[PDB]
Amino acid sequence: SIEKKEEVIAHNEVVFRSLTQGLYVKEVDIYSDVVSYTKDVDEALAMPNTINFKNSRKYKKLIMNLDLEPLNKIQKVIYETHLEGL
Amino acid sequence: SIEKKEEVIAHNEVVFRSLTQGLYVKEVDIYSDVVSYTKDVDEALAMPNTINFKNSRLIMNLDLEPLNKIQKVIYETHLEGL
Amino acid sequence: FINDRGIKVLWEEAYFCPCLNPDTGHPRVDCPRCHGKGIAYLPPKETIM
Amino acid sequence: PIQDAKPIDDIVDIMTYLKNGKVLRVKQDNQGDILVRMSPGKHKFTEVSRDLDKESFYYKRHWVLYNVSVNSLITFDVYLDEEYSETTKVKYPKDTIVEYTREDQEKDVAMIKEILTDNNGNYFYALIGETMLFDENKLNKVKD
Amino acid sequence: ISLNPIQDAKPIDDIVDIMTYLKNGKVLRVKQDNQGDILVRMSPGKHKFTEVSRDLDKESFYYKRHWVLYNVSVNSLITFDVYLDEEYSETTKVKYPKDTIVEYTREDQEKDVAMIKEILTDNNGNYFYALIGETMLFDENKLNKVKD
Amino acid sequence: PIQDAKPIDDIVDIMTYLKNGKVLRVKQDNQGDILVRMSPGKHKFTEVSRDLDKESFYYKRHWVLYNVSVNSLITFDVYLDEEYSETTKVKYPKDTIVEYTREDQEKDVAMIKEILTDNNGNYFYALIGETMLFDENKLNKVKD
Ligand SMILES: [Zn+2]
């Protein structure tokens, strides 16, 4: 008995994964080649992906690397109001 | 898909509602008899939904339609692929 | 007269970029439309001035 | 053969596809590539985009009005945006000035007529006025 | 004792037919809102390009039109009505063109609005108007136009 | 019939009513409605009001001088302010361009000649040059 429902987006950012190694990028060099890795989603080279930050330039070389798999990490909070009768 | 999820109950209360007009109670008098009504579902007068309070004072009017209101707030994340 | 004494010039109109911060009211440091300046521009129009 | 290019010949077909609303890719000379589009809704007018990459959750194209000239369309090469191939990895592009030697050991200039390859990746080239195929080494890229 | 009906210069709406005619090389006439009426043409020969002329009359032995290269815009064609130069002419600048809703006084002293379906002319060059639902052809003075 | 309109024909009657001091309502084209009035006292001159609603304890009309033109009165429609009806709930207003089909299945245009209704609220419409009545569905509102 969902009386009302609402959704909120807290974060929306891109995170990259190596196809074979299964790790997530955390650091890059001056040439923008990967230097480090982590197996933790909470610590990754996050690229903002909100409305204002689309069409970036910082990570063009990183994107074109075929070994990397971009992922849209999105965090949400949803409020649900229940009326359960008496 | 879902990578991580957790559910918590922010509030759990009892809302009072009129049987004829259908409007919920907003403000009350000294004895807590109704003096104002409102169409809102959340702003309506409410009390904690636990047995101790119920035993500690339904009591105001014969319009006997209380409404157990429970609020579910959920935190979740997704990893949607390309 | 104007076409005679003028010089060929590109006229591009100005308009506030959507990238402006809704709360501070000041722009993003870098975006494709405007390079830090808070004002973007439309396609140019060839003109004599 | 290679499926990396499918240029449109008639401008009438271009206008027909624009009426259908499909995006186009329009090359330029010593300049960035362009995408062209017909605006939706009540008012119909051409729109252009300086961006080229495919739309995605992390990348969105920007469209603005422009008084596109039919001269550009009729003259410059045009492709369907969805079916365009970024690059064919060959030393020489199509329609490029090249130099070679004829069958009688006489040197001659020409432009590339066709770009071909075998199943093993070896690339063969055919020049204007020459039916036979030429090796990549046998050709020479003429300087402008 | 009259002259047969005269066709109105049909405006062309579809861009596709406009481009097809242009590719065929047939002349087009563009009614620009701001700066008058101009002719549009495709250059003959291999060096294809659009040309414009303001020599705004039918071609004649004593009056040959001069064509200047111009970068005609698609939007210009779309937003501006265009006509075939073989049709658009001074011959009949009728006050009430075909398909126009006009107000006409009926014999019962009741004003009615009808759409002109056919127009013709006579020896004097008058404009006989045919209205739907009636057989008798009205004259210029009797009719009236209602705008907006 | 419906009693929602009682337009005045002669300007002489309009001036006679103005001498009596009764307020008038004067329509406009794509513009707000106007009320007109004759000033009281020693000096006689026309006055106008942009307000329309009835006077009350919570609403009072505002009057100012204006050089009203007889052309407006003679041309535009005029009513008595007290007896005017705000709206008649019909799809098509009176004197509106409409399209229909004749008895021989021929399409024709016309303007509405009369607006009528039965006791059950069903609305019938009569067009110029057509004595018979037409259903609301049978009519078509022509676009300007
Ligand atoms: Zn910006």
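For the structure, check the block above.
Here the residues of each chain are numbered from 1 in the order the sequence is written, which can differ from the numbering of the entry; residues without coordinates are not included. Here the convention is simple: chains get letters from A, ligands get numbers from 1, in the order in which they are written. What you see is a piece of a larger assembly; the numbers all apply to this piece alone. Values shown for side chains rest on all heavy atoms present in the structure; no hydrogens or waters enter the calculation.

1. Overview of the packing of aromatic side chains
Next, step 1: A pair of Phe, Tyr and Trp rings is counted when the ring centres sit within 6.5 Å of each other, with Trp represented by its six-membered ring. The angle between the planes then sorts it: under 30 degrees is stacked, over 60 is edge-to-face, the rest tilted. By the definition in use, this model includes 12 aromatic pairs over all chains.
Next, step 2: Consider the rings of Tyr92(D) and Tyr125(D), whose centres lie 5.5 Å apart with planes at 75°: the pair is edge-to-face. Here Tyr92(D) is found in the loop between β5 (78-80) and β6 (97-101), whereas its partner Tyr125(D) is found in strand β8 (residues 123-127), with 33 residues between them in sequence. Each member of the pair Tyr92(D) and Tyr125(D) is classed as buried.
Next, step 3: In this structure, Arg28(C) is placed above the aromatic ring of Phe53(A), and the distance from its NZ or CZ to the ring centre is 4.9 Å.
Next, step 4: Working rule: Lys NZ or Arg CZ, within 6 Å of ring centre, within 35 degrees of ring normal, means a charge sits over the ring. Note that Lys45(C) overlies the ring of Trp11(C), its terminal NZ or CZ placed 4.6 Å from the centroid. Strands here mean DSSP runs of E at least two residues long; helices mean DSSP runs of H or I at least four residues long; both are numbered from the N terminus. Exposure classes here rest on a 1.4 Å probe applied to the protein chains alone. A residue is buried below 20% of its type maximum, exposed above 50%, and partly exposed in between.

2. A closer look at the coordination of the zinc ion
Next, step 1: Note that water is not among the atoms used; donors are N, O and S atoms within 2.8 Å of the metal (3.2 Å for Na, K and Ca), so sites may look incomplete. At 2.3 Å from the zinc ion lie its protein donor atoms, namely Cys17(C) (SG), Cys19(C) (SG), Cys31(C) (SG) and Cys34(C) (SG).
Next, step 2: A four-donor site is called tetrahedral if each angle lies between 85 and 135 degrees; a four-donor site is square planar, and a six-donor site octahedral, when trans pairs exceed 155 degrees and the remaining angles lie between 65 and 115; all other cases are labelled irregular. Metal-centred angles of 100 to 118° between the 4 donor atoms at the zinc ion mark the site as tetrahedral.

3. A word on the side chain of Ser39(D)
Residues and elements named next belong to chain D.
Next, step 1: Looking at where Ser39 falls in the secondary structure, it is placed in the loop between β2 (34-38) and β3 (46-49).
Next, step 2: Polar side-chain contacts of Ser39 include one of 2.8 Å to the side chain of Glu47.
Next, step 3: By the convention used here, residues are in contact when the closest approach between their heavy atoms is within 4.5 Å. Here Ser39 is in contact with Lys44, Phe45 and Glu47, once residues within four sequence places are set aside. Between N or O atoms, a polar contact is any pair within 3.5 Å; within protein, one atom must be a potential hydrogen donor and the other a potential acceptor, and residues adjacent in sequence are included only when both atoms are from side chains.

4. As for helix α1 (residues 15-24) of chain E
In an α-helix there are 3.6 residues to a turn, and that puts residues three or four apart on one side.
Next, step 1: Of the residues making up α1(E), those classed as buried are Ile15(E), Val16(E), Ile18(E), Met19(E) and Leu22(E). The arc that holds every buried residue of α1(E), seen down its axis, measures 160°, which confines them to one face.
Next, step 2: Where the residues of α1(E) are buried, they touch α1 (11-20) and α2 (70-75) of chain D together with β1 (28-32), β2 (36-42), α2 (74-79) and β5 (82-84) of chain E.
Next, step 3: Where α1(E) starts, the residue carrying a side-chain oxygen 3.1 Å from the main-chain nitrogen of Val16(E) turns out to be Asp14(E). To obtain the arc, one takes the directions from the helix axis to the C-beta atoms.

5. A word on the sheet that holds strand β7 (residues 107-117) of chain F
Hydrogen bonds between backbone groups are what pair the strands of a sheet, and the pairing can be parallel or antiparallel.
Residue and element names in this part refer to chain F.
Next, step 1: One bridge is not enough; two strands pair if DSSP finds at least two bridges between them. In spatial order, the strands read β9-β8-β7-β6-β10; together these 5 strands make up an open sheet with antiparallel pairing. On the outer flanks of this sheet lie β9 (133-134) and β10 (140-141), each paired with one strand and no other.
Next, step 2: Sheet topology places β7 next to strand β8 (residues 123-127); 5 bridges connect them, and they run antiparallel. Looking at the pairing, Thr117 lines up with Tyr123 of β8.

6. Some remarks on empty space enclosed by the protein
Next, step 1: Buriedness of a pocket was judged along seven lines, with at least five required to meet protein on both sides within 12 Å; pockets are open sets of points on a 1 Å grid over the protein atoms alone, cavities are sets where a 1.4 Å probe fits but cannot get out, and lining residues have an atom within 4 Å of a point. Grid points are joined across faces, edges and corners, and a volume is the space filled by probe spheres set on the points. Quantified by volume, the second largest cavity comes out at close to 90 Å³.
Next, step 2: In terms of lining residues, the second largest cavity is bounded by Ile11(D), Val70(D), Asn71(D), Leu73(D), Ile74(D), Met19(E), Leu22(E), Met42(E), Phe49(E) and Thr50(E).
Next, step 3: Those elements giving two or more residues to the lining of the second largest cavity turn out to be α2 of chain D together with α1 of chain E.
Next, step 4: Per-element tally for the lining of the second largest cavity: the top contributor is α2(D), with 4 residues.
Next, step 5: As a working rule, the residues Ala, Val, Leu, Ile, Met, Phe, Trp, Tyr, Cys and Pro are called nonpolar, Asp, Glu, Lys and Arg charged, and the rest polar, with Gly in that last group. The residue inventory of the lining of the second largest cavity, partitioned by class, reads 8 nonpolar, 2 polar and no charged.

7. Some remarks on the nonpolar core
Next, step 1: Only buried residues count toward a nonpolar core, which is a set of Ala, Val, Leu, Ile, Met, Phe, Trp, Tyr and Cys residues joined through side-chain atoms within 4.5 Å. In terms of nonpolar packing, the biggest core is built from 20 residues, with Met15(D), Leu18(D), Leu24(D) and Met19(E) touching the most fellow members.
Next, step 2: Listed by contribution, the elements that provide at least two residues to this core are α1, β1 (24-26), β2, α2 and β5 of chain D together with α1 of chain E.
Next, step 3: Examining the composition of this core, we find that 5 residues originate from one element, α1(D), more than from any other.
Next, step 4: Leave out the neighbours within four places in its chain, and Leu18(D) touches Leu24(D) and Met38(D).
Next, step 5: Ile12(E), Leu28(E), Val30(E) and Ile38(E) belong to the second-largest nonpolar core, a separate cluster that totals 14 residues.

8. Structural notes on the interface of chain E and chain F
Next, step 1: Counting residues at the interface gives 10 residues for chain E and 10 residues for chain F.
Next, step 2: What counts as buried area is the accessible surface, traced by a 1.4 Å probe, that two parts surrender upon association, with contributions from both included. Of all residues in chain E, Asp112(E), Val113(E) and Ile132(E) bury the most surface against chain F, accounting for 42% of the area lost on that side.
Next, step 3: Counted as salt bridges are all cases of a side-chain nitrogen of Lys or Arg within 4 Å of a carboxyl oxygen of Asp or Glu. Where chain E touches chain F, the interface holds 1 salt bridge.
Next, step 4: With a shortest N-O distance of 2.7 Å, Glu110(E) and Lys113(F) are connected by a salt bridge.
Next, step 5: One can count 1 residue pair in polar contact joining chain E with chain F.
Next, step 6: Sorting elements by how many residues they give to the side of chain E that touches chain F places strand β7 (residues 111-121) of chain E first, with 5 residues.
Next, step 7: A class-by-class count of the residues in the side of chain E that touches chain F yields 5 nonpolar, 1 polar and 4 charged.

9. Here we look at a nonpolar patch on the surface
Next, step 1: Taken together, the side chains of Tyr31(B), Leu58(B), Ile59(B) and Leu64(B) define a hydrophobic patch exposed on the protein surface, amounting to about 420 Å² of accessible area.
Next, step 2: Assignment of secondary structure puts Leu64(B) in the loop between α1 (51-55) and β5 (66-80). Patch construction takes residues with relative accessible area above 30% that form no salt bridge. Like charges are linked within 9 Å, and nonpolar side chains (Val, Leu, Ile, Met, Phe, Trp, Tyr) are linked within 5 Å. Using a 1.4 Å probe, the Shrake-Rupley method yields the accessible areas, and only the shown protein chains count as cover for residues.

10. Brief notes about the sheet that holds strand β9 (residues 133-134) of chain D
Residue and element names in this part refer to chain D.
Next, step 1: The 5 strands lie next to each other as β9-β8-β7-β6-β10, forming an open sheet whose pairing is antiparallel. Of all the strands in the sheet, just β9 and β10 (140-141) have a single pairing partner and so form its edges.
Next, step 2: Pairing analysis gives 2 bridges linking β8 to β9, with the strands arranged antiparallel. Across the sheet, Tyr125 pairs through a bridge with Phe134, a residue of β9.

11. Brief notes about the interface of chain B and chain A
Next, step 1: With 20 residues of chain B at the contact, the number on the chain A side is 19 residues.
Next, step 2: Taken together, the two surfaces of chain B and chain A that pack against each other cover about 1,900 Å², and 62% of this comes from carbon and sulfur.
Next, step 3: At the junction of chain B and chain A, the tally comes to 0 salt bridges.
Next, step 4: The tally of links between chain B and chain A comes to 8 residue pairs in polar contact.
Next, step 5: For the side of chain B that touches chain A, the leading source of residues is β5(B), giving 15 residues.

12. Observations concerning the layout of surface pockets
Next, step 1: When its volume is computed, the second largest pocket comes out at roughly 1,800 Å³.
Next, step 2: Taken together, 43 residues make up the lining of the second largest pocket; nearest its centre are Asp77(F), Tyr79(F), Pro93(F), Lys94(F) and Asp95(F).
Next, step 3: Looking at the lining of the second largest pocket, the elements that each hand over two or more residues are β7 of chain E together with α2 (70-75), β5 (78-80) and β7 of chain F.
Next, step 4: Tallying contributions element by element places β7(F) first for the lining of the second largest pocket, with 4 residues.
Next, step 5: Split into classes, the residues belonging to the lining of the second largest pocket amount to 20 nonpolar, 8 polar and 15 charged.

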